[PDB]
Amino acid sequence: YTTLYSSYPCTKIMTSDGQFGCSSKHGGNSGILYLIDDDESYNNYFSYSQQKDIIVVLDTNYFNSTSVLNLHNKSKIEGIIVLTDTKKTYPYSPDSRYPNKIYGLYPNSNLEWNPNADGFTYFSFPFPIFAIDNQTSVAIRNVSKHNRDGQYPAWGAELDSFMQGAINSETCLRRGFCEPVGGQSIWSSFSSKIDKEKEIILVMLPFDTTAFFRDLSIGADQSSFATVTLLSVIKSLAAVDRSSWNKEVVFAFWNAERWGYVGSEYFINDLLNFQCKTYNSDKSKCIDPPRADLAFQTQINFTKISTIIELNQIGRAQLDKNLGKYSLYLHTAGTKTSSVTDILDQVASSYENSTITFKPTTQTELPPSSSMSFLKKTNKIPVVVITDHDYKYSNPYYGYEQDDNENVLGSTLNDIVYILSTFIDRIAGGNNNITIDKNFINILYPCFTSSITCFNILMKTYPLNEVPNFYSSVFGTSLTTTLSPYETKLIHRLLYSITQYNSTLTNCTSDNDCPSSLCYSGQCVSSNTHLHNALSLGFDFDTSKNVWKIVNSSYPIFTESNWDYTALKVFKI
Ligand SMILES: *[C@@H]1O[C@H](CO)[C@@H](O[C@@H]2O[C@H](CO)[C@@H](O[C@@H]3O[C@H](CO)[C@@H](O)[C@H](O)[C@@H]3O)[C@H](O)[C@H]2NC(C)=O)[C@H](O)[C@H]1NC(C)=O
Ligand SMILES: *[C@@H]1O[C@H](CO)[C@@H](O[C@@H]2O[C@H](CO)[C@@H](O)[C@H](O)[C@H]2NC(C)=O)[C@H](O)[C@H]1NC(C)=O
Ligand SMILES: *[C@@H]1O[C@H](CO)[C@@H](O)[C@H](O)[C@H]1NC(C)=O
Ligand SMILES: *[C@@H]1O[C@H](CO)[C@@H](O)[C@H](O)[C@H]1NC(C)=O
Ligand SMILES: *[C@@H]1O[C@H](CO)[C@@H](O)[C@H](O)[C@H]1NC(C)=O
Ligand SMILES: [Ca+2]
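Numbering-wise, the deposited numbering comes out as the position in the sequence shown, counting from 1, plus 32.
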């Protein structure tokens with residue numbers, strides 16, 4: 033009877049063995065609003081029976097596994113609303129102690145890279161949980177508190193978030209009530225065609241993120257600080273004379289990495305194993321098996337990849353009181369890595385005002401990283417994973433809504449873009465003087481860490497949610513019906529544009545008007561930039577039953593519930 037539109041639901045995700053996340057009952061959940069905002073109201077919950085059906089409103093300091101799981105009541109809890117008008121006053125991660133442990137290089141590892149984590153995200157809730165935006169939280173905190181008088185023209189709410197998929201992935205897939213968690217990765221080169229005689233420098237990062245409330249998955253340190261960094265590096269490199277480069281550089285933005293590295297794994301699998309049985313007319317696509325773009329097969333030789341650089345949480349570099357500089361940490365693997373890290377050290381020291389210094393790790397295992405997918409295949413090349421931590425994550429809010437613009441060091445971004453741009457130029461064989469594109473940095477940084485309203489001129493739609501959120505969501509309904517959220521399309525169209533080598537006035541009104549190119553506002557634009565499937569190898573699509581099938585559960589199996597609609601309504605009882 034009063035719909036609150038900026039609401040962010042907890043949704044249901046199925047796995048091989050079970051399920052986690054939340055759902056409302058069929059027809060939604062409703063109850064009296066009860067506010068927990070201090071120890072007093074917390075304790076007074078256990079003895080509160082003015083009503084059967086209760087919607088608990090939580091100050092976020094009380095939203096954690098221990099605190100929520102202890103809410104046992106004779107009344108039954110019908111839902112939770114989490115307020116975001118205040119932040120947590122302590123470090124908090126609802127994610128795993130070792131994200132993606134079993135899908136990486138060290139399945140038997142005893143390390144805990146994220147040791148503060150309480151794993152709250154991976155519990156199965158039989159009632160709905162919503163977060164709400166700042167303004168709405170203020171209002172709901174107000175009315176939920178007003179209920180404390182105890183007289184009954186009181187305030188209540190209804191939470192609608194019915195998840196069709198349930199139980200486990202085998203079950204929901206069979207019924208068509210869920211879809212694989214996945215999406216599209218994006219890679220790019222400034223070369224119009226990669227010289228298959230040159231070695232390739234691969235510079236990459238995981239751009240997808242996680243959260244309890246996935247519509248709020250900014251993941252500033254987790255991913256998006258690095259995403260801004262690498263795009264800003266690419267924009268800066270777009271303006272230099274790259275004619276001196278004797279190696280190819282490929283930039284890769286891997287999707288759905290937080291769900292078992294499926295983006296890097298799928299791409300690598302295709303590099304090593306793909307064979308097309310049936311091509312389309314101009315052989316630009318494969319009909320069987322379906323691939324919308326064959327550039328990877330045409331241009332990229334796995335064995336020519338001769339260096340891998342990965343960005344993996346670089347927005348909370350640690351202040352060193354000695355040097356008066358912030359530390360990033362170099363986690364290395366493969367062979368002949370000191371040659372590469374020596375250049376990084378040099379660039380970081382090359383100018384007086386640098387606020388960045390590099391340190392080695394003390395750990396003997398790489399942290400969870402996309403480079404792990406390549407190291408499963410080769411140990412022959414130098415791999416450098418750049419992070420902001422030696423061991424324990426510097427990110428105090430890993431996989432959580434509070435991993436936002438206030439969780440990262442904007443003041444280090446220019447230095448990191450400059451250092452990485454210059455570094456890449458040097459190892460590609462150049463000696464250019466880099467000027468970073470500050471205008472671009474200043475637009476993109478708040479765009480991906482606060483409010484995703486930038487570069488909409490490149491888009492055909494406006495985003496429904498202005499909170500940047502990089503959760504991969506679902507791959508699609510089949511291999512021929514792929515889906516991508518706004519965030520992926522924006523990264524794709526922006527990367528494509530920055531790396532363009534040609535643009536022609538044609539008055540095109542759609543990409544199909546443009547031969548071997550894309551349409552941007554009446555220009556046909558040419559760029560060596562490409563989408564690629566990011567999807568577990570454990571799935572296959574049966575065109576017979578027209579359904580996804582689990583063919584190998586050794587690969588990551590995550591399938592997000594389908595749902596019709598989500599809504600939060602407040603009303604007087
Ligand atoms: C998860 O959330 C709960 C709920 O807030 C956290 O428990 C709370 O932790 C704080 C700090 O430890 C406790 O506050 C302290 O109270 C004492 C005595 O009352 C006071 O001397 C201190 O100055 C501070 O106020 C608070 O009482 C406690 N509340 C409850 C109900 O346990 C918990 O720490 C969080 N846990 C995790 C893993 O994040
Ligand atoms: C992919 O690139 C690799 C590495 O350059 C090529 O494989 C090699 O062939 C060259 C000589 O032609 C040698 O330098 C290497 O000893 C070979 N190593 C192997 C076989 O791993 C290979 O030619 C390229 N692959 C394709 C499909 O052309
Ligand atoms: C909510 O917005 C208010 C008003 O702008 C601001 O003071 C407060 O810091 C914000 N809260 C959070 C947690 O962002
Ligand atoms: C470095 O930073 C200082 C402090 O802002 C600035 O005044 C100076 O011009 C810069 N110096 C150089 C060498 O760039
Ligand atoms: C299952 O996939 C694993 C991937 O870790 C692979 O090693 C194995 O060959 C596969 N087994 C089957 C069912 O083919
Ligand atoms: Ca086209």
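We put the CB at the ideal spot given by N, CA and C, even for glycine.
Separation of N200 and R458 (C-alpha to C-alpha, rounded to the nearest whole angstrom) is 50 Å.
Comparing alpha carbon positions, the residue from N75, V282, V213, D150 closest to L515 is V213. Around the beta carbon of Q183, fewer than 16 other beta carbons lie within 10 angstroms, which makes this residue exposed. In the structure shown, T364 falls within a strand segment according to DSSP collapsed to helix, strand and coil. Proximity to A243 across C42, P478, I475, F487 peaks at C42, based on C-alpha coordinates.
At the C-beta level, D320 and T310 come within 7 Å of one another. The way I'd put it, the region 79-95 doesn't touch the region 383-399; fewer than three beta-carbon pairs between them come closer than 8 Å. Close CB contacts of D545 within its chain, under the 8 Å cut and outside five residues either way in sequence, are with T538, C551, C556 (chain order). Note that the C-beta distance between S73 and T168 is not below 7 Å.
Ligand 6 approaches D543 closely enough that one of its heavy atoms is under 6 Å from the residue's Cβ. Taking the Cα of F257 as reference, the smallest distance to any Cα among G60, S443, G554, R274 is reached at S443. For the region 458-529, the continuous beta strand (DSSP E) assignments of 3+ residues that do not extend past its boundaries occur at 508-510, in sequence order.
Under the DSSP assignment, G570 falls outside any beta strand (DSSP E); it carries neither an H nor an E label.
In chain order, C54, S56, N61, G111, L191, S193 place their CB closer than 6 Å to the CB of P160, counting only its own chain and leaving out the 5 sequence neighbours on each side.
For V89, the uninterrupted beta strand (DSSP E) segment begins and ends at 85-90. Within the region 103-130, the complete beta strand (DSSP E) runs of at least 3 residues fall at 108-114. Its Cα nearest to that of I468, the residue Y450 stands out among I484, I475, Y450.
Distances from the alpha-carbon of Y135 to those of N474, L407, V114 put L407 closest.
Measuring C-alpha to C-alpha distances from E144 to each of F162, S125, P158 identifies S125 as the nearest. Cβ-Cβ distances below 7 Å link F472 to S264, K267 in the same chain, with the five nearest sequence neighbours on each side left out; the list follows chain order. Rounded to the nearest whole angstrom, the CA to CA distance from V372 to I45 is 41 Å.
Relative to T367, the option among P414, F573, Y154 whose CA is nearest is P414. Within its own chain, the residues whose Cβ lies closer than 8 Å to the Cβ of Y494, once the five positions on either side in sequence are excluded, are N488, listed in chain order. Nearest to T531 by C-alpha distance, out of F155, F222, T121, is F222. Short of 6 Å from the beta carbon of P123, and not among the five residues preceding or following it, lie these beta carbons of its own chain, in chain order: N148, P428. Taking C-alpha positions only, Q82 is separated from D117 by approximately 27 Å. In the three-state scheme derived from DSSP, where H, G and I count as helix and E and B as strand, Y40 is classed as strand. Within 6 Å of the C-beta of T335 there is at least one heavy atom belonging to ligand 2.
For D374, there is no enclosing beta strand (DSSP E); the residue is part of the alpha helix (DSSP H) that begins and ends at 370-381.
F603 sits in a strand when the DSSP states are folded into three classes. If you draw a straight line from the Cα of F455 to the Cα of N142, it comes to about 34 Å.
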